[PDB]
Amino acid sequence: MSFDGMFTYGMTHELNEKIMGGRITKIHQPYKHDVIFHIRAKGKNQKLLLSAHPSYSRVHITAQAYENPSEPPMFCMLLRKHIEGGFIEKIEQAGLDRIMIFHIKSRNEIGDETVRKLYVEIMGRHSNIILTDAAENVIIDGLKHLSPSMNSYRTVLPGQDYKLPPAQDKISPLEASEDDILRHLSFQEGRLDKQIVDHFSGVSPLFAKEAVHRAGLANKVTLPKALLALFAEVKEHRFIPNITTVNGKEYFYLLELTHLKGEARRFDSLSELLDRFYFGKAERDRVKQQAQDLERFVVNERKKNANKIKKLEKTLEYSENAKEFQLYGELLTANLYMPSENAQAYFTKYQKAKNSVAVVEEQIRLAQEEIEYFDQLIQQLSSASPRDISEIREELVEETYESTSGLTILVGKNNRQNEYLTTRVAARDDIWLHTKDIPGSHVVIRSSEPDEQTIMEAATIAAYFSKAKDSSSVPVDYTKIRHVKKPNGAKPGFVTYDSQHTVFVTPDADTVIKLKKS
RNA sequence: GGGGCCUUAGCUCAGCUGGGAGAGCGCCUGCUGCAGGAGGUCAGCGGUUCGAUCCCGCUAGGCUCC
RNA sequence: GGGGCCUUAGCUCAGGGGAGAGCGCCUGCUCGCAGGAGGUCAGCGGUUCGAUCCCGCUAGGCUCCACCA
Numbered sequence: 011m012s013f014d015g016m017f018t019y020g021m022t023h024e025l026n027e028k029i030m031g032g033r034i035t036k037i038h039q040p041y042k043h044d045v046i047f048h049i050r051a052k053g054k055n056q057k058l059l060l061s062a063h064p065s066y067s068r069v070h071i072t073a074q075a076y077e078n079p080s081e082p083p084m085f086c087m088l089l090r091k092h093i094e095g096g097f098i099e100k101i102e103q104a105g106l107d108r109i110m111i112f113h114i115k116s117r118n119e120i121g122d123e124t125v126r127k128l129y130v131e132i133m134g135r136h137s138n139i140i141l142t143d144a145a146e147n148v149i150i151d152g153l154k155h156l157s158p159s160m161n162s163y164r165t166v167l168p169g170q171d172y173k174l175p176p177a178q179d180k181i182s183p184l185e186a187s188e189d190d191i192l193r194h195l196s197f198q199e200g201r202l203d204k205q206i207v208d209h210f211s212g213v214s215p216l217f218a219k220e221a222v223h224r225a226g227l228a229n230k231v232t233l234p235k236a237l238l239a240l241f242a243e244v245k246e247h248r249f250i251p252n253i254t255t256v257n258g259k260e261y262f263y264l265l266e267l268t269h270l271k272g273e274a275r276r277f278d279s280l281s282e283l284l285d286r287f288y289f290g291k292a293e294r295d296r297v298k299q300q301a302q303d304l305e306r307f308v309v310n311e312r313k314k315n316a317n318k319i320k321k322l323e324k325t326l327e328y329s330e331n332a333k334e335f336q337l338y339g340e341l342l343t344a345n346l347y348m349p350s351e352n353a354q355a356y357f358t359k360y361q362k363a364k365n366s367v368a369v370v371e372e373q374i375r376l377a378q379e380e381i382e383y384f385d386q387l388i389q390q391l392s393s394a395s396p397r398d399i400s401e402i403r404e405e406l407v408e409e410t411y412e413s414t415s416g417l418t419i420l421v422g423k424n425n426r427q428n429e430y431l432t433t434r435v436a437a438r439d440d441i442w443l444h445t446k447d448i449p450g451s452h453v454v455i456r457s458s459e460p461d462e463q464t465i466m467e468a469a470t471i472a473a474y475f476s477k478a479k480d481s482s483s484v485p486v487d488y489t490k491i492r493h494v495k496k497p498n499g500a501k502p503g504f505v506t507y508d509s510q511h512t513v514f515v516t517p518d519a520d521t522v523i524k525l526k527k528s
């Protein structure tokens with residue numbers, strides 16, 4: 011994991027630099043596992059994101075806008091009761107574990123000064139945000155409850171004593187000498203990267219591989235020097251925030267990862283890196299989890315129809331072959347003088363077959379139309395926003411951008427928005443865009459003659475909100491709205507179009523974010 | 001006795017009142033919590049029909065009901 | 001079964017004159033500010049110049065009774 015003890019150390023330093031002494035002005039919880047503190051510090055308003063998400067747990071200052079629920083969750087209201095209005099006195103790391111502790115001076119209901127500790131544990135699935143009394147060391151509440159049945163060592167419930175996770179009894183990299191490295195590392199046993207992780211606290215396999223790489227030939231002379239150099243870089247805050255992309259897979263770190271043969275992009279801090287790294291990924295997995303019941307249903311219903319098609323086909327084939335039964339009783343009728351119920355039984359098998367052809371063919375066609383419908387829904391679910399999931403659910407039961415030139419671009423992200431955009435909002439000569447033979451979002455430029463740059467920007471947006479968002483070249487069709495038509499009885503969003511031109515674009519998240527009107 | 005309702009995968013139940021057998025939990029696999037697996041004569045039996053938990057015929061059994 | 005009481009905005013409650021106030025939630029402003037959000041006044045049909053506040057009924061929720069052989 012890229013968010014390791016060393017990364018936590020660097021983040022803790024950055025947070026102290028940015029928000030120590032800062033007043034918590036507002037607390038929000040936009041998502042189930044994500045809390046946002048609005049902090050007034052050093053003449054600036056900072057947004058601190060605290061994520062206890064199983065896959066995307068992180069702490070950083072974020073520029074991103076987040077939509078808050080109409081009703082704040084109970085944990086948010088609890089945090090507001092205890093620590094909103096308070097001052098962050100200190101931020102510290104628990105050893106070199108992935109646990110940040112925010113010391114927050116607040117006032118009680120009577121007005122007396124109280125100190126609260128906010129523990130932010132970054133442990134993947136077990137990641138948590140826990141508020142305690144500093145005097146009594148008693149848990150006020152945690153974002154995730156841990157019952158004694160789930161963990162015998164530590165309980166995370168209101169009114170219980172806060173206990174850290176079990177210590178790993180590992181050496182501190184920030185205090186380690188050359189002799190400490192030489193005593194603990196068996197240079198003959200191999201897997202030196204693993205040995206480093208086993209002996210040194212806070213060190214990931216990513217860091218350990220970098221250390222082994224920088225050593226060149228990892229031996230008793232080279233590896234201790236490489237480790238101490240890397241530890242010194244961390245201890246002295248000589249951070250180079252970077253993301254390295256190797257074969258489509260991104261790695262982020264607080265130091266340069268020379269062991270990775272890929273394109274390295276540097277940053278002024280780590281927030282932007284994490285925003286980019288987890289952009290789409292956190293949402294897609296959450297959507298996948300919420301959609302899993304529908305997908306399993308939709309995929310089943312699609313599969314059902316294909317199977318239905320196959321059987322009907324066999325009844326059509328039976329119908330064709332049945333002609334034999336017509337022969338059988340014709341011949342039996344001709345030769346009666348030389349059994350008749352057997353003739354008639356064959357004939358009847360024929361007629362039943364023959365009559366099944368037209369019904370089978372019709373039922374194959376209808377099952378094919380259902381497969382196409384379900385294939386469209388599967389794609390829509392893959393690129394949907396949270397609102398789009400609601401609109402698709404309603405169907406199953408039954409955004410503004412500005413170009414570089416200053417032209418308004420409108421986007422529908424679901425079937426209902428797509429229908430509303432194309433049929434009610436868009437003017438007759440406005441330019442409509444959509445991905446060719448790839449399900450996606452309807453995009454409309456509010457201009458009859460947009461410049462080529464605006465077309466490419468709008469196409470990039472269309473491709474970004476399509477199934478092909480991860481492809482290097484995506485075909486996007488565009489035409490005037492007057493050429494786009496909803497067929498009679500078609501579901502919302504579904505349209506036929508003519509007189510189209512196709513452009514090819516690479517989807518880019520940064521371009522889409524830059525063009526988004528606030 | 002008279003009426004009433006259900007029997008479905010390892011387990012428990014969905015499924016519109018034919019549109020093509022599912023979920024949750026447990027279990028098996030790998031990953032680092034995730035997906036993906038298995039698994040049903042839909043109690044059984046036989047009509048209907050292009051497909052039947054689905055419609056009806058036809059018997060189990062258990063509950064509801066005096 | 002009968003009596004007795006209840007049903008107002010997210011929440012808590014004001015209130016025959018055309019449905020408010022605080023808090024929450026939104027507006028910009030940083031312990032106060034500054035404007036919004038939101039009502040079939042349980043419902044019904046009627047008294048009338050107007051009904052949340054008449055009056056008669058229907059819901060529902062509580063409450064008290066339903067005994068004597």
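Quick note on my numbering: the first sequence kicks off at 11 and runs consecutively.
Virtual Cβ for every residue (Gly too), placed ideally from N, Cα, C.
field: Where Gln170 falls: helix, strand or coil (DSSP)
entry: For the purposes of this step, residue 170 is taken as the residue at position 160 of the first sequence. Coil, per DSSP.
query: Any idea what DSSP makes of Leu417, helix, strand or coil?
result: Within the first sequence, the letter at position 407 stands for residue 417. Note: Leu417 maps to coil in three-state DSSP.
message: Below 8 angstroms, how does it come out for the stretch 435 to 449 and the stretch 483 to 503: are there three or more Cβ pairs, yes or no?
response: yes
- prompt: For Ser393, is the classification buried or exposed, using 16 other Cβ atoms within 10 angstroms of its Cβ as the cut-off for buried?
  reply: On the first sequence, residue 393 is found 383 positions in, with the first residue counted as 1. Looking at its Cβ environment, which holds 16 or more other Cβ atoms inside 10 Å, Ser393 is buried.
- prompt: Which partner residues of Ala75 appear in the DSSP bridge assignment?
  reply: Taking the first sequence and counting its residues from 1, one reaches residue 75 at position 65. According to DSSP, which records beta bridges pairwise, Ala75 is partnered with nothing at all.
Spatial distance of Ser395 from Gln300 (CA atoms): Start at 1 with the first residue of the first sequence, and residue 395 comes out as number 385. Start at 1 with the first residue of the first sequence, and residue 300 comes out as number 290. Cα to Cα, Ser395 sits roughly 12 angstroms from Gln300.
- prompt: Below 8 angstroms, can you find three or more Cβ-Cβ pairs linking the stretch 320 to 327 to the stretch 288 to 295?
  reply: no
- request: Confirm, please, whether the CB-CB distance from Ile101 to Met30 is below 8 angstroms.
  value: The residue given as residue 30 occupies position 20 in the first sequence. The residue given as residue 101 occupies position 91 in the first sequence. In contact: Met30 and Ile101 (Cβ atoms closer than 8 angstroms).
- prompt: Could you give the uninterrupted runs of the alpha helix (DSSP H) lying entirely in the stretch 218 to 285, keeping only those of 4 residues or more?
  reply: 232 to 245
- request: Compare the beta carbon distance of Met110 and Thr22 with 8 angstroms and say whether it is the shorter of the two.
  value: Sequence index remark: in the first sequence, residue 110 carries index 100 (1-based). Sequence index remark: in the first sequence, residue 22 carries index 12 (1-based). It is a contact, given that the beta carbons lie within the stated cut-off.
CB contact flag (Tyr338, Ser366, <8 angstroms): To locate residue 338, count along the first sequence from 1; it is residue 328. To locate residue 366, count along the first sequence from 1; it is residue 356. No, the Cβ-Cβ distance between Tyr338 and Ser366 is not below 8 angstroms.
- prompt: Buried or exposed: which applies to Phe249, given that a residue is buried once 16 or more other Cβ atoms fall within 10 Å of its Cβ?
  reply: The residue you call residue 249 lines up with position 239 of the first sequence. The residue is buried, with at least 16 neighbouring Cβ atoms inside 10 Å.
query: Taking the alpha-carbon positions, what's the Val515 to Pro64 distance?
result: Walking along the first sequence from the start, residue 515 turns up at place 505. Walking along the first sequence from the start, residue 64 turns up at place 54. Near 34 angstroms, if we compare the C-alpha coordinates of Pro64 and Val515.
- request: Could you tell me how far apart the beta carbons of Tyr411 and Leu525 are, in whole angstroms, since I believe they sit closer than 8 angstroms?
  value: The sequence position of residue 411 within the first sequence is 401, counting from 1. The sequence position of residue 525 within the first sequence is 515, counting from 1. That pair is a contact at about 4 angstroms.
- request: Mind the definition here: the stretch 369 to 389 touches the stretch 309 to 317 only if three or more C-beta pairs lie below 8 angstroms; say whether that holds.
  value: yes
message: Once the 5 residues before and after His155 are set aside, which same chain residues still bring their CB inside 7 angstroms of it?
response: On the first sequence, position 145 is the one that residue 155 refers to. Around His155: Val166, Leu167.
- request: Please check the pair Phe262 and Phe287, which I expect to be a contact at CB under 8 angstroms, by giving their CB distance rounded to whole angstroms.
  value: Locating residue 262 in the first sequence gives position 252, counting from the first residue. Locating residue 287 in the first sequence gives position 277, counting from the first residue. Right, their Cβ atoms sit about 5 angstroms apart.
query: Between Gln39, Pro40, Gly32, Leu59, which lies nearest to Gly53 when the distance is taken from Cα to Cα?
result: Within the first sequence, numbered from 1, the residue matching residue 53 stands at position 43. Residue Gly32 is the option with its Cα nearest to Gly53.
message: The alpha helix (DSSP H) that contains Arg438, what's its start and end?
response: Residue mapping note: residue 438 aligns to position 428 of the first sequence, counting from 1. Looking at the DSSP string, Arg438 is not in any alpha helix (DSSP H), and its letter there is neither H nor E.
- prompt: Is it the case that the Cβ atoms of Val453 and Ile419 are separated by a distance below 8 angstroms?
  reply: Here the question's residue 453 lines up with position 443 in the first sequence. Here the question's residue 419 lines up with position 409 in the first sequence. For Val453 and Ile419, yes; Cβs fall inside 8 angstroms.
- prompt: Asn147 to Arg126, Cα distance in whole Å?
  reply: Locating residue 147 in the first sequence gives position 137, counting from the first residue. Locating residue 126 in the first sequence gives position 116, counting from the first residue. One C-alpha to the other measures close to 9 angstroms.
message: For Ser12 and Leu216, which I take to be in contact (beta-carbon distance under 8 angstroms), what is that distance rounded to the nearest angstrom?
response: Here the question's residue 12 lines up with position 2 in the first sequence. Here the question's residue 216 lines up with position 206 in the first sequence. Confirmed, about 6 angstroms.
- prompt: In whole angstroms, what separates the C-alpha of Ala377 from that of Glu459?
  reply: Counting from one through the first sequence, the residue named residue 377 turns up at place 367. Counting from one through the first sequence, the residue named residue 459 turns up at place 449. Their backbone Cα atoms lie some 42 angstroms apart in a straight line.
message: Assuming contact is defined by CB atoms lying nearer than 8 angstroms, are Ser415 and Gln463 in contact in what I supplied?
response: Taking the first sequence and counting its residues from 1, one reaches residue 415 at position 405. Taking the first sequence and counting its residues from 1, one reaches residue 463 at position 453. Against a cut-off of 8 angstroms, the Cβ pair of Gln463 and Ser415 comes out as a contact.
- prompt: Ordered along the chain, which non-local residues of its own chain (more than five positions away) have a Cβ less than 7 angstroms from that of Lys57?
  reply: Here residue 57 refers to the residue found at position 47 when the first sequence is read from its first residue. Excluding residues within five positions, the ones whose Cβ falls inside 7 angstroms are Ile46, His48, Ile71, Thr72.
- prompt: What residue range is occupied by the uninterrupted beta strand (DSSP E) comprising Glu123?
  reply: The sequence position of residue 123 within the first sequence is 113, counting from 1. Unbroken beta strand (DSSP E) run through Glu123: 123 to 131.
- prompt: Using a Cβ-Cβ cut-off of 7 angstroms (strictly less than) and excluding sequence neighbours within five positions of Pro234, which residues of its own chain qualify?
  reply: For the purposes of this step, residue 234 is taken as residue 224 along the first sequence, with counting starting at 1. Cβ within range, chain order: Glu188, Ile191, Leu192.
field: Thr232 versus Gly272 - alpha carbon distance
entry: Translated into positions along the first sequence, residue 232 becomes position 222. Translated into positions along the first sequence, residue 272 becomes position 262. Approximately 24 angstroms, taken between the alpha carbons.
- prompt: Between the Cα of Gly105 and the Cα atoms of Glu351, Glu305, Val213, which residue gives the shortest distance?
  reply: Locating residue 105 in the first sequence gives position 95, counting from the first residue. Selected option, being the one with the closest Cα: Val213.
- request: Could you spell out the range, first to last residue, of the alpha helix (DSSP H) harbouring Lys28?
  value: For the purposes of this step, residue 28 is identified with residue 18 of the first sequence, where counting begins at 1. It spans 15 to 29 - the alpha helix (DSSP H) in which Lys28 sits, taken as one unbroken run.
task: Within the same chain, show all residues whose beta-carbon is closer than 8 angstroms to that of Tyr356, passing over the 5 residues directly before and after it, in chain order.
output: As a working note, residue 356 is residue 346 in the first sequence. So the list reads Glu334, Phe335, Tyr338, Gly339, once near-sequence residues are dropped.
Expected contact under 8 angstroms - CB spacing of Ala469 and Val513 to nearest Å: Within the first sequence, the letter at position 459 stands for residue 469. Within the first sequence, the letter at position 503 stands for residue 513. That pair is a contact at about 5 angstroms.
message: Am I right that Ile471 and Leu417 are in contact with their C-beta atoms under 8 angstroms? What's the rounded C-beta distance?
response: On the first sequence, residue 471 is found 461 positions in, with the first residue counted as 1. On the first sequence, residue 417 is found 407 positions in, with the first residue counted as 1. No, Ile471 and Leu417 are not in contact; Cβ-Cβ is about 12 angstroms, not under 8 angstroms.
field: For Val45, the residue or residues it bridges with in DSSP
entry: Here the question's residue 45 lines up with position 35 in the first sequence. The partner list for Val45 (beta bridge, DSSP) reads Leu60.
query: Leaving out the 5 sequence neighbours to the left and right, which residues in its chain are closer than 7 angstroms to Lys115 when beta-carbon positions are compared?
result: Locating residue 115 in the first sequence gives position 105, where the first residue counts as 1. Excluding positions up to five away in sequence, the list reads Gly96, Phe97, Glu99, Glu123, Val125.
query: What are the partner residues of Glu412, as DSSP defines its beta bridges?
result: Translated into the one-based positions of the first sequence, residue 412 becomes position 402. Per DSSP, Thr418.
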